[PDB]
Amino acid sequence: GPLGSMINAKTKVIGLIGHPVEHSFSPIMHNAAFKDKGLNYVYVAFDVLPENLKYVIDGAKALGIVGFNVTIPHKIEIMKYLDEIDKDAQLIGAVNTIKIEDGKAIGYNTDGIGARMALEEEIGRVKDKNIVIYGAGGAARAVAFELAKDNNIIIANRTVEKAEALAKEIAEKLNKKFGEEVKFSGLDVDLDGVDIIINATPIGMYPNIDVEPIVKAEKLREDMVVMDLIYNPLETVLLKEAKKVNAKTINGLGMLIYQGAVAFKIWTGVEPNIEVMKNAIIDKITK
């Protein structure tokens, strides 16, 4: 059909709350998915200052706004304003998706599932495997809490203290063996027997793209899968290093899209077309 949202008096609103948000690809992505499925919703971006976060939930309820996506710096602070919080959300300790229904605002977190789907949808079910997660920030945290449910994960980081702390919280909360199922280490850890490595750090991300990868070619193999959460540029210096060894590369586009796909489902009750989302976003990145 036509390009752009065909708005009328019955159109429902969904928005992204954060500060700043003017560069999010979310609106573009979701509006295309709404059209495709013929749903009468619109996605907009709301720049919310920290002191005003306390007024959004009751405003959304009063207005009839159906839901939100939450990003920096509100995913931790928004939790005290919601009526309920999904377990998967309570575990990670952060909300990035909200649904308002029947006067009840519920928090969710799809960053975890997203990074999983980003993988499975590309290499099938991921259970009982050796997975190394470089980084320990918000991304590595959501990823880890999800892939640790049924996999052996090793959180490697520049500041080990951070790695150790995360591995303990995961083993504890998910009830796993510390030094075995949920390990930690420096960025030096070796990949002998490692099935998949996931880069959850900004190394190689624009504007510092010409820096050396999180791991040289020497430790890379073909029998591996190297996914990079970065998506600017899509093919990082890490994926190059992994291409000179026929490894199955996956760029950040996967997590970004699927993370949204699950939220879409939560708001509309319908599954969105993954290619529409990608084509809308990938077209935004390139000319």
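The first residue of the sequence shown is number 1, and the count goes up from there.
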Subject >> Stretch with the greater mean C-alpha B-factor as recorded in the entry, comparing 83 to 91 against 133 to 141 >> reply: 83 to 91
Subject >> Per the entry, higher mean C-alpha B factor between 209 to 217 and 109 to 117 >> reply: 209 to 217
Original post:
Per the PDB entry, which option out of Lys99, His74, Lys177, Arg158 has the greatest Cα B factor?
Top reply: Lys177
**OP:** Tell me, please, which of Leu256, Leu234, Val44, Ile57 has the highest C-alpha B factor according to the deposited entry?
**Re:** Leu234
**OP:** Sorting the chain's modelled residues by C-alpha B-factor, tell me whether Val225 ends up in the lowest, middle or highest third.
**Re:** highest
**OP:** Sort the modelled residues of this chain by their C-alpha B factor and say whether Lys244 lands in the lowest, middle or highest third.
**Re:** highest
Original post:
How does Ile197 rank on Cα B-factor within its chain, lowest, middle or highest third?
Top reply: middle
**OP:** Pull the Cα B-factor of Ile282 out of the PDB entry and bin it into the chain's lowest, middle or highest third.
**Re:** highest
**OP:** Could you look up the Cα B-factor of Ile78 in the entry and say which third of the chain it sits in: lowest, middle or highest?
**Re:** lowest
